[PDB]
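Neighbour counts run over all protein chains shown; Cβ positions are idealised from the backbone, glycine included. Every number here is computed from the coordinates shown, using simple stated rules; none is lab data.
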Amino acid sequence: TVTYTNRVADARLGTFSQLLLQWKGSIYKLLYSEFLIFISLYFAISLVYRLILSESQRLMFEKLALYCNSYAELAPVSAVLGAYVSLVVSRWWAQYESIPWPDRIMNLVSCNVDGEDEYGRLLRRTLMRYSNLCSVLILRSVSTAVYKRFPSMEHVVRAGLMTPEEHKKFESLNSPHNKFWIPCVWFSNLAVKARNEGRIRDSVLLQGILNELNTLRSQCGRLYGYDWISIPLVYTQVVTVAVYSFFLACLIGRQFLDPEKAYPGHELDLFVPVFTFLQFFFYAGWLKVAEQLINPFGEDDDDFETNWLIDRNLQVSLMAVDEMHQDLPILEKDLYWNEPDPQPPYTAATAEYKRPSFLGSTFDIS
Amino acid sequence: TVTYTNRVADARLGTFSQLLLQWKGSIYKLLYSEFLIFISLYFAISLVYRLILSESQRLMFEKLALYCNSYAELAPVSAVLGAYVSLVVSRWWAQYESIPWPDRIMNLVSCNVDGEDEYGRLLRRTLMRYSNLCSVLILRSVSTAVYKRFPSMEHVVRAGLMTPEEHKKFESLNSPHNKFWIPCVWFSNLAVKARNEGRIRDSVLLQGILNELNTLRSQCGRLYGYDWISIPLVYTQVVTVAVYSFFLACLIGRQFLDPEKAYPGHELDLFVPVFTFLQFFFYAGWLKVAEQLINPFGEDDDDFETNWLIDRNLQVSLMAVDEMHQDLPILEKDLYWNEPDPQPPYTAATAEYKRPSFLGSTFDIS
Amino acid sequence: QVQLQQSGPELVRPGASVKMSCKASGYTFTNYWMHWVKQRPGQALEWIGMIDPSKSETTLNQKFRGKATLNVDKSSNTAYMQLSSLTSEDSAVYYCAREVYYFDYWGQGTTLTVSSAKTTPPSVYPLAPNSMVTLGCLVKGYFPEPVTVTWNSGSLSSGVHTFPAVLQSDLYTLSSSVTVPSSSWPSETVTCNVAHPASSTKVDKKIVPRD
Amino acid sequence: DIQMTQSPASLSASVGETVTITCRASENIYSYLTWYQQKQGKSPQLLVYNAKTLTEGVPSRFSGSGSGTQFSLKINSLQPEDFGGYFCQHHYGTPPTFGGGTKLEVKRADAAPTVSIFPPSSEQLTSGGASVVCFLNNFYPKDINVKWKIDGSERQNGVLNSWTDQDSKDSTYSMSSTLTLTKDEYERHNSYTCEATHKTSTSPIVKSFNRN
Ligand SMILES: [Ca+2]
Ligand SMILES: [Ca+2]
Ligand SMILES: [Ca+2]
Ligand SMILES: [Cl-]
Ligand SMILES: [Cl-]
Ligand SMILES: [Cl-]
Ligand SMILES: [Cl-]
Ligand SMILES: [Cl-]
Ligand SMILES: [Cl-]
Ligand SMILES: [K+]
Ligand SMILES: [K+]
């Protein structure tokens, strides 16, 4: 979604440094408001101490700052943050791999639903649409980016993802629960009806198509599960309390105390707590990692591009089962027909990558 | 169960702060009693020191508090807690994915058990009910929320999940072990009988239905396993001893000592140990994460909604194999019949999400 | 059936603020984004902004940033728009439309007028002088819009031209002509009837031939 | 912002004809364009959406086409209802800007203005003001020019004009000019003439009245 994969292809001098100059989906964009509030609260307190407090009050503030500073301990925050962010990152990738792709069903329906006639075409196209509908229905239930594009079931129809008859049949089936599973049932029924009409040869081929459907259903179920079963609220609150406890301590503890009083650890007054602000970016940015990926179907810069996926799948799906049904290129002899050990060429820039075969660690390289 | 998924969809200013104001399934609700006992014991000790102890006794208490305080070290608590809570969270999600869903069998039974006559209807409905019964039986064995709804096998019958004849057959089979596996055997026998009566064409389609059944059986087994094999008691005791050792140290060590005596580290008397209480919420709340998820089938706010699942599955199951058997909508040409590269519309709010196709990192974006 | 019923026409003084409504019915309120369009004579339709009924998320037009405010009432299924620091240019027709990849249902409209003129009753003056003689009525110095002009309490309809009112020194003025056969006049008594609901004024002035 | 340029500003045709309105996008808007029909005073109505698809009520005689930056509405076999306002709107992003509009008027045969000048009413003269009205009903085309002359001298200060919409019965236009004076200045002069210039003739159709 914010892909920088090609920039970090090689481990060169500025592979990671270069990324510090990027704004989209960056730490700066996510921390902006929070940082300013921290900056303000800090320098506000700083001025109250330097310009308002009396000599006697300053001594209390200095004793208060030493107290707060002794409780700004990152080690317990690092523990709970690391674990929590790891859990979030784990679910984040699991949810991505749970985004259903038509390609596996697409391959079967395109080759195993017979007929080069309008009905065979309508049959294959309708089968794929029942799959894509099973997906769009669940995606608009879990993704705010998708829902804002399909806020009502009418949007789904007008967008060409569901026919008005299907919508009528949809409404006809009385159920109080999410009907995303409906198209998945129609598919199995339509696949069976297609087999009875002689459009699907064996039952082996029919069950094979039904299996890939069930897999797609399991994908939609995983998406529903992650949307329904949030990370337990108490856990989320714990990590925010821990993080905020630290920044609360820093707000006062990290104040630059009187250099003259010569407090151990506070010999220099720089006015601006460089390393404390650098610690803020670290931990507040680390918390923002979880903050952003805890729901990867939202509208964040790094949240999944679910609407593009819907578009890509629609186009490719129908194209593979319609224009490509039993439609192949001209079979030719391959360029290596009489060559048992082909030696495909290399460009000038890639010849260093033509390597001898790795036979195994045990063999002597001679 | 306590779903806040939509609140945390985007990483905005108060994405996580807002959650600190929620009570249901919160850290406050789970820590309430414990926190009060801690608060009390602390201020009780505090008053004994300030108002009761003699000048000589106060000197011993101050020496005792310095001793206790040197042993309130979270680093070992963070270590064992993080690992233990990680284990609990792991089992927590594994148990959720082990809750059986009818949808995969539902799809096969609905399309592959032939007959639009009362027997075909009774056959399909009875097959699904054998699945839902295999589940309800195991759920009421592992979930206290479900058991309190089906405390006796009579409740199961009166609720319409098992017929009185089935209950008779159930009792007729003499076995000292949990019979949750019985309906799963009936299903396989009824599915075979259905095939012999000609209601199931091939054995390929029959084995396909038998496989999804076996899968559901493995799900019920996983639920039984997690209920039977608790996290080893010794491990659970270790983490509570470690946590309690810390709070025991804090009770005395974190007391505000005499400022006049000028003990290094105790220069300021605030009466209320703000950061120690913030540490209590952190660690006691962190332990409550494990405390709540160690048995996700209980009656906690964040424990799974097993009774709703049973209701939803019952409704959807029967509906898909009865009202939807070979019942499809009117096949129409799709809105993109003559459009090879469809461009589904976008709402005003979602047009920014219409992106160009991602071809790969290696390709030049031009 | 989908129906968007907006509030009635409004009249405010420059600098004040106004808040018009739009009550939707016949469809799930929260599943369709509500838009607001400004319609001024001679200019093109201006998009003010939109609102997401569910979460009350507003998205305004940069051109209306400080002038317009949007919010809804999910309970009453009505949407609202507030215009502040009203000037003479904020006078126009305001619509509310439903979006479904398009604006398929609009409201009747809310006409907003901004002027510092108080309600004034219309002064009806008769206009009297070859086969068909032309007569007319002159409605001057009234405010605010509109006024209903009929001849013989509506019975004489055909052959009438009521011209659009104009603004003359913060007061409206309009004309109304009627042509009848010279045989029917002054033979048949002819009298125009001017209705001014804003002041509850109902005047009838029979056009007597010149003396 | 995306700029919607609509043309022609107004098209004139008669029943049975086939017209074509054109909207052009500042930048690629794919098939995200809608066509609305709005009759003076009423709220607009959806005709075509998604550039080609007709809505519910729309009759087969309406059809849309185009994609990218060039779109067009085509109304073949016109009807009496099809006369009025027509505008477009893009639906690719925010803000969804609208088109300039197109006034579809009826075309007929040219016609001369029936000028009728009226002197100030006695009820008005006693009120302290004097207004000389001059009507110019049922003509064509919409173009017209009215001039006032108080005692031969040209009069331009104090005149207020008002035109009407093309009549839905005879397809002709109308306007009314009103010269307003003070009761003092009105009785210091004799003749109040109302000269009208049109394309129906070379000589201005003048109608006056004298204070004598
Ligand atoms: Ca690399
Ligand atoms: Ca997110
Ligand atoms: Ca529990
Ligand atoms: Cl530390
Ligand atoms: Cl599933
Ligand atoms: Cl610092
Ligand atoms: Cl430690
Ligand atoms: Cl098993
Ligand atoms: Cl403390
Ligand atoms: K580097
Ligand atoms: K925050």
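The table for this structure:
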item	result
Under Karplus coefficients 6.51, -1.76 and 1.60, residue-wise ³J(HN,Hα) of region A:162-179 in Hz, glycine/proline x	8, 7, x, 5, 4, 5, 5, 4, 4, 5, 4, 7, 7, 7, x, 9, 4, 8
Residue order, fewest to most beta carbons within 10 Å, for A:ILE138, B:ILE45	B:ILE45, A:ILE138
Max mean-square fluctuation residue, GNM over chain B, Cα-Cα springs under 10 Å, options B:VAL48, B:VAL88, B:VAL156	B:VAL48
Residue-averaged beta-carbon neighbours from other chains (10 angstrom radius) around C:131-144	3
Cβ crowding within 10 Å averaged over residues, with C:177-188, D:120-131 ranked highest first	D:120-131, C:177-188
Residues of type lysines that A:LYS354 reaches as a straight line, Cα spacing below 28 Å, ignoring anything fewer than 8 places off in the same chain	A:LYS333
Charge sum, other residues only, whose C-beta stays under 13 Å from B:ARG149's C-beta, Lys/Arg counted +1 and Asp/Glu -1	-1
12 Å Cα-Cα reach of A:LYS261 towards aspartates and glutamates, excluding residues that sit fewer than 8 places from it in its own chain	A:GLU55, A:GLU62, A:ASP269
Above-threshold pairs, the threshold being 29 Å between Cα atoms, out of D:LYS42/D:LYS74; C:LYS23/C:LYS55; C:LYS55/D:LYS42; C:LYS19/D:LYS39; C:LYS63/D:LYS142; A:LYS148/C:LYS19	C:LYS55/D:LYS42; C:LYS63/D:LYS142
Inter-part distance where region A:64-82 and region C:131-206 are each reduced to a Cα centre, Å	85
Gyration tensor (alpha-carbon) shape descriptor, region A:250-366, a/c threshold 1.5	oblate
Distance from region D:142-212 to region D:14-69 (C-alpha centre basis), Å	41
Peptide A:311-317, shielding by other chains (average Cβ, 10 Å cutoff)	4
Shielding by other protein chains, B:100-109, mean Cβ within 10 Å	5
Helical mean residue ellipticity (222 nm; -39500 (n - 2.57) per DSSP H run of 4+; nearest 500) of the protein assembly as shown	-12500 deg cm²/dmol
GluC sites (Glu not before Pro) restricted to DSSP loop in region B:66-134 with at most 16 other C-beta within 10 Å	B:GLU73, B:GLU116
Positive-end extreme of charge dipole, region B:1-332 - chosen from B:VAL274, B:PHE61, B:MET319 (charges on Cβ)	B:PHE61
Radius 15 Å from Cβ of B:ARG199, net charge of other residues (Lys, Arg +1; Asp, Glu -1)	-1
Scattering profile of region A:96-136 at q = 0.26 Å⁻¹ [log10 I(q)/I(0), Debye over alpha-carbon scatterers]	-0.88
At most 12 other Cβ within 10 Å, DSSP loop - chymotrypsin sites (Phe, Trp or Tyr not before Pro), region B:244-298	B:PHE271
Least to most buried among D:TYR86, A:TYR67 (fewest other Cβ within 10 Å first)	A:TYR67, D:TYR86
Scaled radius of gyration (Cα, divided by 2.2 N^0.38 Å) that region C:1-125 gives	1.11
Local electrostatic count, B:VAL243, Cβ distance below 13 Å [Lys/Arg +1, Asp/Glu -1]	-2
Antiparallel bridges, percent of DSSP beta bridges restricted to the protein assembly as shown (to nearest 5)	95
Mean-position separation - Cα centroids, region B:212-278 and region C:1-45, in angstrom	58
Gyration tensor over alpha-carbon atoms, the protein assembly as shown, equivalent ellipsoid semi-axes in Å	71, 47, 31
Given chain B, longest segment not containing exposed loop trypsin sites (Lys or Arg not before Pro) (DSSP; at most 11 other Cβ within 10 Å)	B:25-260
Set A:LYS169/C:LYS74; B:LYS29/B:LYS63; C:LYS118/C:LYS140 screened for pairs whose C-alpha atoms are more than 26 Å apart	A:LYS169/C:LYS74; B:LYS29/B:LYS63
Calculated from backbone phi, Karplus (6.51, -1.76, 1.60) coupling profile of region A:333-348 in Hz, x at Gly/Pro	6, 6, 4, 10, 3, 9, 10, x, 10, x, 10, x, x, 10, 6, 4
